[PDB]
Amino acid sequence: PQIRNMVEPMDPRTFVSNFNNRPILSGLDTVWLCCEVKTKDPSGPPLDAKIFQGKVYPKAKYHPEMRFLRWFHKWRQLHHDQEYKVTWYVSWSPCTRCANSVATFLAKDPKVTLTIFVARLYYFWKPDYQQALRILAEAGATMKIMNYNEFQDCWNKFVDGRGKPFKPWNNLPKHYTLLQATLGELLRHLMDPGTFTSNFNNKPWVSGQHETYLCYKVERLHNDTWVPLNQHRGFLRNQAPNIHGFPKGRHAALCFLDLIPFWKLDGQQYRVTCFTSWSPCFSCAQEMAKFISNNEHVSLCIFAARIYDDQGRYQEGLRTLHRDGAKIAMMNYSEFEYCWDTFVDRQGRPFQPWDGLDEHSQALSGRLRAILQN
DNA sequence: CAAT
Ligand SMILES: [Zn+2]
Ligand SMILES: [Zn+2]
């Protein structure tokens, strides 16, 4: 039995119009949901597959997530009980009602695990919808943003492409990174402690890997005092090159600069701080210096674990960044501890500093000062 | 992890 025999594949124009992942997208009156039900073993065809659709308004009871729940209840009565792995590709993330219904269903049934790939985040800026996605995640649903691979898979399985291959729309990768970072913020995703310790150790770097992790937070000026702005706190990393994502990669500092306009900050004074495992290369620093030159109400503070020699003009880039008003400093014990406490999935464990932390911070601080004073 |  093949997916083509299980579903009526949707029209290609229905798929592309409904699954376009522009984060802010008006005019869509419908939610689409493609799903597969599998055993514990993921290889081969699913046990069954279905496409559900429902109008957003006026009744959530006809949203495709609830249509799925009613179909799946009846389907299970007709098949021999076993453990099920369910995958959804949904055009909009769940509204508050569906999120709470699915969360209740998952939490009462240890035999079912659910992964939800979403094309767009629905009302991601509204606290009610944020809290509902957290309840769904806490019920064990794995919630991810649809990337190129999932759009292509959904095209192959659920669309009447007539053998033509999936063609990505404009800016699919840029949309993905904005949504991924936004989903991480609202789920309050914390960084793996091993990933933190490995990447923020400031001893001389000996690994062949060049990856950059970047933790960020935002403050607002209020009554001559900086106050936390808890909505936009999290971490991200560089995007490795891939011809279906960013063909030349996208460095962490640039992904961070992409986020700031997406936050829709008002005209008040803001201080945006990042803790990055590598200081920015020349290209990143130029872009960062351009940004702060053009956004006078945003103050940048950059704390770096290590100084990245890009074999080019990185020293001049750091000088330009400082000249244009960014604060640049090397992370000391206090900044390492703050990120462990704030951004890392530490499970109550205190910060344990690696060997030579203080000594390496002093050496790097002296190198930075020498760079900035030329 | 299809990898400037
Ligand atoms: Zn709903
Ligand atoms: Zn860079």
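Below, chain A is the first sequence line, B the second, and so on; all start at residue 1. Atoms considered below: every heavy atom in the structure, side chains included; atoms not considered: hydrogens, waters and symmetry mates.
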With A:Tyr176 via side-chain hydrogen bond (donor to acceptor under 3.5 Å, both in side chains) - residues at least two apart = none
Show your working on side-chain hydrogen bond (donor to acceptor under 3.5 Å, both in side chains) between A:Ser361 and A:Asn202 and close with a plain yes or no.
-> CA-CA 7 Å; A:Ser361 287; A:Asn202 62 348; 3.1 Å; yes
With sequence neighbours left out, what residues match A:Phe68 under ring pair (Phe, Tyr, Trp, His ring centres under 6.0 Å)?
-> A:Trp71, A:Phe72, A:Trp88
Contact boundaries on DNA chain B for chain A, cut-off under 4.0 Å to non-hydrogen atoms | B:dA2 to B:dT4
With sugar-phosphate meaning primed atoms plus P, OP1 and OP2, does A:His210 contact a base, only sugar-phosphate, or nothing at under 4.0 Å between heavy atoms?
-> nothing
Contact class for A:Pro247 vs. all strands (heavy atom < 4.0 Å): base, sugar-phosphate, or nothing?
-> sugar-phosphate
In chain order, what residues pass the side-chain hydrogen bond (donor to acceptor under 3.5 Å, both in side chains) check against A:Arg313, with sequence neighbours excluded?
-> A:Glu316
Donor-acceptor pairs are to be reported for all side-chain atoms of residues 226-247 of chain A against protein atoms at under 3.5 Å, with residues two or more places apart or in another chain.
residue: A:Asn230; atom: OD1; partner: A:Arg233; partner atom: NH2; Å: 3.1
residue: A:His232; atom: ND1; partner: A:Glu185; partner atom: OE1; Å: 3.3
residue: A:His232; atom: ND1; partner: A:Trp263; partner atom: NE1; Å: 3.4
residue: A:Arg237; atom: NH1; partner: A:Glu211; partner atom: OE1; Å: 3.3
residue: A:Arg237; atom: NH1; partner: A:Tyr213; partner atom: OH; Å: 3.1
residue: A:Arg237; atom: NH2; partner: A:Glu211; partner atom: OE1; Å: 3.1
residue: A:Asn238; atom: OD1; partner: A:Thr212; partner atom: N; Å: 3.1
residue: A:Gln239; atom: NE2; partner: A:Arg237; partner atom: O; Å: 3.3
residue: A:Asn242; atom: OD1; partner: A:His244; partner atom: N; Å: 2.8

Tell me who clusters with A:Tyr89, hydrophobic residues only, linked when side chains sit under 4.5 Å apart either directly or through other members.
-> A:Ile3, A:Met6, A:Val7, A:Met10, A:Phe15, A:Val16, A:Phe19, A:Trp32, A:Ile51, A:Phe117, A:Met146, A:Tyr148, A:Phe151, A:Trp155, A:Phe158, A:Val159, A:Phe166, A:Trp169, A:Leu172
Run through the side-chain heavy atoms of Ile, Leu, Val, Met, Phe, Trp and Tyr, join any pair under 4.5 Å, and report what else lands in A:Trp278's cluster.
-> A:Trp205, A:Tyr308
Got a sec? Which of residues 144-153 of chain A come in under 4.0 Å of DNA chain B, heavy atoms?
-> none
For A:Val206, the other hydrophobic cluster members (4.5 Å side-chain criterion, sorted by chain and number) are none
